[PDB]
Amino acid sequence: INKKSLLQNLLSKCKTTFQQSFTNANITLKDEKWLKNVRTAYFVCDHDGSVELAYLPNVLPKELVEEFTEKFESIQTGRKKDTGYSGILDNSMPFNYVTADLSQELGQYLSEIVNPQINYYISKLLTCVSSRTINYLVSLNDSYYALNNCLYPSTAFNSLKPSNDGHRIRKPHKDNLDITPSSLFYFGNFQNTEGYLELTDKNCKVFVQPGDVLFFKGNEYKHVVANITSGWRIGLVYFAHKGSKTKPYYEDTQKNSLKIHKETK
């Protein structure tokens, strides 16, 4: 039916934009049974034909992956928490606020160096699999795009070391604040069988590797990251919260913006 034709349509855009051939490409529907193991190109869709998930292996040049990896590991070494955020954030507040890390070495490296380059591949990704996602991100405040140097208002930095079951991505969850599907990039170095992203309700395991992109709705599909016994799993999650369009913005950090939010009452 229109199932086989939709894959050829998506592959046509992805191959010509990324300038690479995606062999063994598969496609399913959100109602049907998902693949137990995913190691190649993969798309899932709804009844309308919209893309709910897209996984494109090895889209980032190896030099770019190695360069960002060594810098990420160098910065994270001098950090305490295993998570980092650049751009804006609206968690536990009635407003959007500048992340604390943005002024730090991690947030400066992301916003000034990483994000401007990754934004190009995010642009490649969105123009192929989800046009109305990039159409939404460009309707946001100009300050968000300038602060994060990316279509996505905020970026998550996940540093997953071996035997760290305490990490937030190691626990099954849904990012229930996401308004748009997130774009996920991976770095570091880890095995094919570990550090995969599993969608629990669908019993689907996506074996991600440094250099790959993952695009899916973290707000609808429950997901979790598997443990690694060796290596170092570093992932970047480019997302957009519902509050990025609803909640106001005072161009400041969290606690400082709370004082401003009370004075503007």
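Position 1 is the first residue in the sequence shown; the rest follow in order.
Name the higher of the two by mean Cα B-factor in the PDB entry, 19-27 versus 249-257.
Per the PDB entry, the higher value belongs to 19-27.
Going by the B-factors listed in the PDB entry, is the mean over the C-alpha atoms higher for 210-218 or for 64-72?
Here the higher of the two C-alpha B-factor means belongs to 210-218.
Of the options 224, 236, 51, 240, which has the highest CA B factor as deposited?
Within the set 224, 236, 51, 240, 51 shows the top C-alpha B-factor.
Most elevated Cα B-factor in the entry, residues 174, 167, 81, 161
Of the candidates given, the C-alpha B-factor peaks at 81.
When the deposited Cα B-factors of this chain's modelled residues are ordered and cut into thirds, is residue 128 in the lowest, the middle or the highest one?
CA B-factor rank for residue 128: middle third.
Considering every modelled residue of the chain and its Cα B-factor in the PDB entry, is residue 193 in the lowest, middle or highest third?
According to the entry, residue 193 has a C-alpha B-factor in the chain's highest third.
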